[PDB]
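Note sheet for the following structure.
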Amino acid sequence: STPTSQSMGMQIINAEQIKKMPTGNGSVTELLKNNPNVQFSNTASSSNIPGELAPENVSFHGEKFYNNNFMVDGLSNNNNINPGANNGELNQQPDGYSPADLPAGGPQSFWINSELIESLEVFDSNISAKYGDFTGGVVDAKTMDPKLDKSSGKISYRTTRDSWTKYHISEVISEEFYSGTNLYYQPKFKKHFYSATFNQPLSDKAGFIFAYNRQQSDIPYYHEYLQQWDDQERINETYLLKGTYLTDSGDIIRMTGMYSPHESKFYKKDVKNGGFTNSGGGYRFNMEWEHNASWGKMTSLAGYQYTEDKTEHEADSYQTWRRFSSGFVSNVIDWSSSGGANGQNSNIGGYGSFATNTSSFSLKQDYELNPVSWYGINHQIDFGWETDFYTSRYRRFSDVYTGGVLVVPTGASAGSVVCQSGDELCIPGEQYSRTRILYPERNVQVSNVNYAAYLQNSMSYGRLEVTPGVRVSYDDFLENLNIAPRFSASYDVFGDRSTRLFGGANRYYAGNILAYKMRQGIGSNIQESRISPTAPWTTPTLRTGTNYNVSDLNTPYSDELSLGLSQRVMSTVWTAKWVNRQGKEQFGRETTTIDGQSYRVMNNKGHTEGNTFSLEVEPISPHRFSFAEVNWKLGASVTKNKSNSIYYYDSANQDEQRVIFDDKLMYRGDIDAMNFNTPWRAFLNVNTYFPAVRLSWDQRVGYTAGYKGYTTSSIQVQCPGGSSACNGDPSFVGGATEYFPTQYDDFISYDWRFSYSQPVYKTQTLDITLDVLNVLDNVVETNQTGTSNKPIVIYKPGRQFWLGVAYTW
Numbered sequence: 059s060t061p062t063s064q065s066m067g068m069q070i071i072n073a074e075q076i077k078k079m080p081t082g083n084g085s086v087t088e089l090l091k092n093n094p095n096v097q098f099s100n101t102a103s104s105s106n107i108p109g110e111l112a113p114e115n116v117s118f119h120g121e122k123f124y125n126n127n128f129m130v131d132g133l134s135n136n137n138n139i140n141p142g143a144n145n146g147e148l149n150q151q152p153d154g155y156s157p158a159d160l161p162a163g164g165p166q167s168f169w170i171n172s173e174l175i176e177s178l179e180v181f182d183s184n185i186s187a188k189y190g191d192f193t194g195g196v197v198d199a200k201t202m203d204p205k206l207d208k209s210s211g212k213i214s215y216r217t218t219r220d221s222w223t224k225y226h227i228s229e230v231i232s233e234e235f236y237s238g239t240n241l242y243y244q245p246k247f248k249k250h251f252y253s254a255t256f257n258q259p260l261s262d263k264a265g266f267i268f269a270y271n272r273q274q275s276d277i278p279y280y281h282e283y284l285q286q287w288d289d290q291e292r293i294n295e296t297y298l299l300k301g302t303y304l305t306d307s308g309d310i311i312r313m314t315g316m317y318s319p320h321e322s323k324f325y326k327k328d329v330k331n332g333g334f335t336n337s338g339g340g341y342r343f344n345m346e347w348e349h350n351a352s353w354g355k356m357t358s359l360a361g362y363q364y365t366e367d368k369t370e371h372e373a374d375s376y377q378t379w380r381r382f383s384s385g386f387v388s389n390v391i392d393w394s395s396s397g398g399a400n401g402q403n404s405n406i407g408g409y410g411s412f413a414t415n416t417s418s419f420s421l422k423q424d425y426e427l428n429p430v431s432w433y434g435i436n437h438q439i440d441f442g443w444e445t446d447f448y449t450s451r452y453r454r455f456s457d458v459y460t461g462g463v464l465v466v467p468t469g470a471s472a473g474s475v476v477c478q479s480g481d482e483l484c485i486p487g488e489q490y491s492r493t494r495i496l497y498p499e500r501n502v503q504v505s506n507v508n509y510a511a512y513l514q515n516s517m518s519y520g521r522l523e524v525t526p527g528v529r530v531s532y533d534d535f536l537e538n539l540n541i542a543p544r545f546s547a548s549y550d551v552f553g554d555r556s557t558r559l560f561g562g563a564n565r566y567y568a569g570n571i572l573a574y575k576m577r578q579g580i581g582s583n584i585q586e587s588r589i590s591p592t593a594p595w596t597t598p599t600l601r602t603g604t605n606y607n608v609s610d611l612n613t614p615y616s617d618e619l620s621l622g623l624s625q626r627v628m629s630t631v632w633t634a635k636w637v638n639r640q641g642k643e644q645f646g647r648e649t650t651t652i653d654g655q656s657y658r659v660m661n662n663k664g665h666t667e668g669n670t671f672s673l674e675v676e677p678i679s680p681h682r683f684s685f686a687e688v689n690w691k692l693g694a695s696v697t698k699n700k701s702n703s704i705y706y707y708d709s710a711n712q713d714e715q716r717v718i719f720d721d722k723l724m725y726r727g728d729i730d731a732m733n734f735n736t737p738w739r740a741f742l743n744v745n746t747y748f749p750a751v752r753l754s755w756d757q758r759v760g761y762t763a764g765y766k767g768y769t770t771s772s773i774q775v776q777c778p779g780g781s782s783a784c785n786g787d788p789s790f791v792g793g794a795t796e797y798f799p800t801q802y803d804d805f806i807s808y809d810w811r812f813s814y815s816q817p818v819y820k821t822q823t824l825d826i827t828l829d830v831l832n833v834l835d836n837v838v839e840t841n842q843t844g845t846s847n848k849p850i851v852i853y854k855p856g857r858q859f860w861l862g863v864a865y866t867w
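Per the authors' numbering, the very first residue in the sequence shown carries number 59; after that it's consecutive.
Here it is in structure tokens:
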């Protein structure tokens with residue numbers, strides 16, 4: 059029932075469109091590659107990493123990728139704690155690799171698959187006052203719902219593998235890649251994508267759906283000095299149990315359980331017993347009550363959500379031993395974690411278990427009053443409220459002792475090492491730790507309430523629809539009262555839907571980033587020392603490490619302006635919209651002094667202009683022929699995005715640095731956005747169904763502006779006597795970092811996806827499915843790294859086959 063002016067600002071992708079579009083894993087974000095206002099993070103598709111199951115990071119209209127409202131069934135699917143870690147780049151020491159890491163499951167708590175979703179509502183603009191806690195878009199993943207009559211269901215298996223995935227990889231990383239010695243170089247992998255679904259009446263007005271998904275990847279990893287092969291394993295399970303009782307009153311009570319635990323078994327390079335699992339996601343249970351009174355509709359909701367981004371290492375202490383060195387060699391330590399010729403250190407163990415968890419109880423109530431007429435205008439008064447009572451908690455579960463500095467008595471002194479009988483930091487007759495670093499059991503806790511309320515009029519007269527709304531909201535984290543005007547108009551110009559304009563002016567406010575609260579003492583470690591392996595641990599010496607703190611902050615916001623036209627040219631709807639976002643008060647990092655101690659502190663010093671012109675052409679109805687039905691959607695956009703070099707909430711304000719860019723001297727906040735910001739796209743989905751064969755051949759051909767990779771100078775250009783760029787400021791005596799461009803060619807993306815259904819008997823079908831991503835196998839550049847001395851280019855995947863089978867009744 060969404061109104062005209064807002065419907066041109068949303069894209070609705072139902073189960074049929076999801077079955078049809080060419081698909082990789084089919085994360086909720088991969089489905090967004092048919093929205094012309096979505097930019098993916100440069101690395102999110104990459105030949106280096108075809109084993110990854112995680113959501114591809116998405117910017118809507120140049121806003122921060124962690125500032126979208128990802129939703130599942132109309133409830134938040136967002137990480138309020140650490141959503142944007144490492145700018146969404148695949149950091150080689152995953153979060154958890156070190157004892158002071160605040161874990162990060164990306165911006166989404168639950169990683170739902172395309173299998174589990176019955177509609178995706180992708181709101182890029184003109185977004186209703188119903189939706190908030192974003193500066194970005196909204197992606198409302200309506201998961202599969204009970205059917206009261208069908209008794210139906212599905213089982214599927216989908217798979218891809220290294221031998222089915224052509225790799226385009228740069229020569230400067232090829233031997234490291236094919237060695238398998240790096241967590242995010244994946245030359246060998248297997249993916250298995252299991253699912254089940256049952257959709258059954260308990261009684262004729264009381265359906266339930268049970269659904270299971272199991273995205274799995276196995277990925278061999280090689281420790282080059284420990285000389286071991288270990289599988290990394292990536293798993294996203296999702297269990298969903300949705301029930302719906304349609305009462306005799308016509309009011310629907312819906313019970314919605316979910317458990318979406320995703321895990322990633324990483325390892326620490328050459329560390330013995332060195333494995334760790336970044337677990338994440340968690341569970342839900344909601345009750346929703348859709349009441350359908352004489353006034354209209356009242357969708358009441360209560361629900362619990364739990365999220366637990368957790369690292370668990372395979373040990374809860376960490377030791378550095380020494381195999382050999384000048385004047386010493388050992389018989390106990392039987393591995394190496396280094397390659398040196400004069401001496402070698404050998405590492406064992408890990409940093410125990412630590413987690414950051416949200417426990418959020420949500421109340422909501424959405425009202426949709428029937429159209430009431432006043433002063434000749436019809437008013438559809440939508441209104442509502444929600445309250446998230448939440449506790450966020452980062453917490454280590456056991457004291458992690460770590461092995462500090464090792465003393466290794468040489469020659470005739472070696473026999474002096476006699477350990478205390480319980481000691482983890484001594485080896486008898488070999489060596490002992492002189493210092494021990496305790497990362498203690500800790501609990502940082504923040505209990506908060508976020509209130510929000512809205513009114514959303516949607517009101518019509520004389521061919522207009524005008525949809526004024528507001529969305530007041532208050533988080534007791536920052537204590538900000540945010541008032542968020544939303545305006546979205548439309549006019550059917552020529553008496554009919556064939557020619558109709560629209561536009562809007564909306565302020566969007568984002569959710570909390572609790573990372574600086576959860577870190578308030580992360581890296582607090584107590585050092586202790588001992589003179590001999592029999593002596594006591596003498597002197598607890600706390601270092602609080604890199605401290606973090608909360609500060610008085612405005613909420614990050616995005617001022618949208620939008621305008622557009624929808625036109626019915628000769629059997630096709632052409633919808634064109636411009637959208638401009640002034641992302642403002644966006645978070646960055648600062649250092650400040652409190653009670654004489656230095657703290658890292660969040661600031662509002664970031665901003666992002668993002669600008670799009672987007673075009674969306676589709677037919678009025680599918681074409682039909684003797685052979686086929688053929689259906690298509692030509693999306694396109696031209697885009698321009700900007701940033702301070704405050705890339706995310708941990709980035710410092712490098713805005714004031716001098717750089718040489720576009721062949722002139724300028725401040726670093728005047729660079730074009732390095733991530734996101736491919737200039738343009740033009741994608742044609744065409745879908746074909748051959749009734750003579752039951753074969754569907756669904757294909758996406760998409761031309762896009764080639765990546766413009768920038769590499770830094772290793773030495774800063776002394777402006778005075780260093781570059782013609784210096785004419786940009788002849789007063790500058792200092793040095794500038796130069797950026798050198800490489801403009802890779804504008805490229806044809808081409809993905810196929812076939813699916814043939816075979817009736818097993820009258821009620822049931824077995825479907826064979828075959829994606830072929832990059833059917834051309836073309837080399838496409840997608841990121842570029844480092845200085846001009848080490849230009850590591852990264853590419854989008856080669857030809858990748860995904861076979862699938864789906865039995866259904």
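For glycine and all other residues, C-beta sits at the position ideal for the given N, C-alpha and C.
Beta strand (DSSP E) containing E179: first to last residue?
The sequence position of residue 179 within the sequence shown is 121, counting from 1. Per DSSP, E179 belongs to the beta strand (DSSP E) from 175-181.
If you follow the beta strand (DSSP E) that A864 is in, where does it begin and where does it stop?
The count along the sequence shown starts at 1 and reaches residue 864 at position 806. Looking at the DSSP string, the run of the beta strand (DSSP E) that includes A864 is 858-866.
Distance check for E173 and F419, CA to CA, integer angstroms please.
Residue mapping note: residue 419 aligns to position 361 of the sequence shown, counting from 1. Residue mapping note: residue 173 aligns to position 115 of the sequence shown, counting from 1. Inter-residue distance for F419 and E173 is about 27 Å (C-alpha atoms, whole angstroms).
Which residue comes first and which comes last in the alpha helix (DSSP H) that contains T468?
For this step, residue 468 is matched to residue 410 along the sequence shown. Segment: none, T468 is in no alpha helix (DSSP H) and carries neither H nor E.
Buried or exposed: which applies to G385, given that a residue is buried once 16 or more other Cβ atoms fall within 10 Å of its Cβ?
Residue numbering aside, residue 385 sits at position 327 when the sequence shown is read from its first letter. If you draw a 10 Å sphere on the C-beta of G385, you find fewer than 16 other C-beta atoms in it, and that means exposed.
Please return the same chain residues whose Cβ sits closer than 6 Å to the Cβ of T62, not counting the five positions on each side in sequence.
The residue labelled residue 62 in the question sits at position 4 within the sequence shown. These residues qualify, in order along the chain: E523, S548.
In the DSSP output, what is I571 paired with across the bridge?
Translated into the one-based positions of the sequence shown, residue 571 becomes position 513. Answer by DSSP bridge pairing: none, since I571 is not bridged.
Where does the unbroken beta strand (DSSP E) through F805 begin, and where does it stop?
Position 747 of the sequence shown, counting from 1, holds the residue named residue 805. Counting along the chain, the beta strand (DSSP E) containing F805 begins and ends at 805-819.
Leaving out the 5 sequence neighbours to the left and right, which residues in its chain are closer than 6 Å to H681 when beta-carbon positions are compared?
Sequence index remark: in the sequence shown, residue 681 carries index 623 (1-based). The answer, listed in chain order, is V688.
Are the region 406-424 and the region 360-372 in contact at 8 Å, needing three or more beta carbon pairs?
yes
In terms of residue numbering, what span does the alpha helix (DSSP H) encompassing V791 cover?
Residue numbering aside, residue 791 sits at position 733 when the sequence shown is read from its first letter. First-last for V791: undefined, no H or E at that position.
Counting only runs that start and end within the region 409-491, where is the beta strand (DSSP E) found for 3 or more residues in a row?
411-427, 430-432, 435-437, 440-454, 458-460, 489-491
If we count the other Cβ atoms within 10 Å of its Cβ and call it buried at 16 or more, is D424 buried or exposed?
Position 366 of the sequence shown, counted from the start, is the residue given in the question as residue 424. When all chains shown are included, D424 counts as buried.
Can you give me the C-alpha to C-alpha distance between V717 and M724, rounded to a whole angstrom?
On the sequence shown, position 659 is the one that residue 717 refers to. On the sequence shown, position 666 is the one that residue 724 refers to. Using only the alpha carbons, I get a separation of about 6 Å.
In angstroms with no decimal places, state the Cα-to-Cα distance between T223 and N149.
Locating residue 223 in the sequence shown gives position 165, counting from the first residue. Locating residue 149 in the sequence shown gives position 91, counting from the first residue. Their Cα atoms are separated by approximately 23 Å.
Give the single residue among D207, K326, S307, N350 whose Cα lies nearest to the Cα of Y242.
Numbered from its first residue, the sequence shown carries residue 242 at position 184. Ranking the options by Cα distance to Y242, first place goes to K326.
With DSSP run on the structure shown, which of helix, strand or coil describes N745?
Residue mapping note: residue 745 aligns to position 687 of the sequence shown, counting from 1. The answer is strand: DSSP assigns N745 an E or B state.
With the cut-off set at 7 Å, would you say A351 and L421 are in Cβ contact?
Translated into positions along the sequence shown, residue 351 becomes position 293. Translated into positions along the sequence shown, residue 421 becomes position 363. No. Outside cutoff.
Let me know if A269 comes out buried or exposed under the rule of 16 or more other beta-carbons within 10 Å of its beta-carbon.
Position 211 of the sequence shown, counting from 1, holds the residue named residue 269. Buried, because 16 or more other Cβ atoms sit within 10 Å of the Cβ of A269.
Do you know how far the Cα of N785 is from the Cα of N135?
To locate residue 135, count along the sequence shown from 1; it is residue 77. To locate residue 785, count along the sequence shown from 1; it is residue 727. Roughly 49 Å between the two C-alpha positions.
Measure from the alpha carbon of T239 to the alpha carbon of each residue in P278, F256, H226, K205, then state which is nearest.
To locate residue 239, count along the sequence shown from 1; it is residue 181. Closest option to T239, Cα to Cα, is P278.
Leaving out five residues on either side along the sequence, give the residues of the same chain with a beta carbon under 6 Å from the beta carbon of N271.
Within the sequence shown, the letter at position 213 stands for residue 271. Setting aside the 5 residues that flank it on each side, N271 is surrounded in the same chain by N171, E173, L174, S253, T296, each with a C-beta closer than 6 Å to its C-beta; the list follows chain order.
With DSSP run on the structure shown, which of helix, strand or coil describes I76?
On the sequence shown, position 18 is the one that residue 76 refers to. DSSP places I76 in helix when its eight states are reduced to three.
Give the single residue among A510, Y853, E348, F334 whose Cα lies nearest to the Cα of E229.
Translated into the one-based positions of the sequence shown, residue 229 becomes position 171. Minimum Cα distance to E229 is reached at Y853.
Which residue from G569, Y519, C484 puts its Cα closest to that of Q377?
Here residue 377 is taken as the residue at index 319 of the sequence shown, counted from 1. Here the closest residue by C-alpha is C484.
Could you tell me which residues DSSP puts in a beta bridge with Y189?
For the purposes of this step, residue 189 is taken as residue 131 along the sequence shown, with counting starting at 1. Looking at the DSSP assignment, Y189 forms no beta bridge with any residue, so it has no partner.
According to DSSP, is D617 helix, strand or coil?
Here residue 617 is taken as the residue at index 559 of the sequence shown, counted from 1. Residue state, collapsed to three classes: strand.
Could you spell out the range, first to last residue, of the alpha helix (DSSP H) harbouring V130?
Here residue 130 is taken as the residue at index 72 of the sequence shown, counted from 1. Careful: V130 lies outside any alpha helix (DSSP H), inside the beta strand (DSSP E) at 127-130.
Work out the CA separation of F560 and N126 for me, nearest whole Å.
Taking the sequence shown and counting its residues from 1, the one referred to as residue 126 is at position 68. Taking the sequence shown and counting its residues from 1, the one referred to as residue 560 is at position 502. Whole-angstrom Cα-Cα distance: 23 Å.
Check whether chain C comes within 7 Å of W287, counting only Cβ atoms and requiring the distance to be less than that.
Going by chain labels, chain C is absent from the structure shown, which holds only one protein chain.
Can you tell me the Cβ-Cβ gap for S404 and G67, rounded? I've got them flagged as a contact below 8 Å.
Here residue 404 corresponds to residue number 346 of the sequence shown, with the count starting at 1. Here residue 67 corresponds to residue number 9 of the sequence shown, with the count starting at 1. Wrong, their Cβ atoms sit about 58 Å apart, outside the cutoff.
In this structure, what does DSSP give as the bridge partners for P259?
Taking the first residue of the sequence shown as position 1, residue 259 is located at position 201. DSSP output for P259 lists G265 as bridge partner(s).
For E110 and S103, what's the separation of their Cα atoms in angstroms?
Here residue 110 corresponds to residue number 52 of the sequence shown, with the count starting at 1. Here residue 103 corresponds to residue number 45 of the sequence shown, with the count starting at 1. So the alpha carbons of these two residues sit roughly 10 Å apart.
Does the structure place the region 707-721 close enough to the region 70-81 that three or more beta carbon pairs sit under 8 Å?
no
Are the region 537-551 and the region 182-191 in contact at 8 Å, needing three or more beta carbon pairs?
yes
Counting only runs that start and end within the region 105-178, where is the beta strand (DSSP E) found for 3 or more residues in a row?
116-118, 127-130
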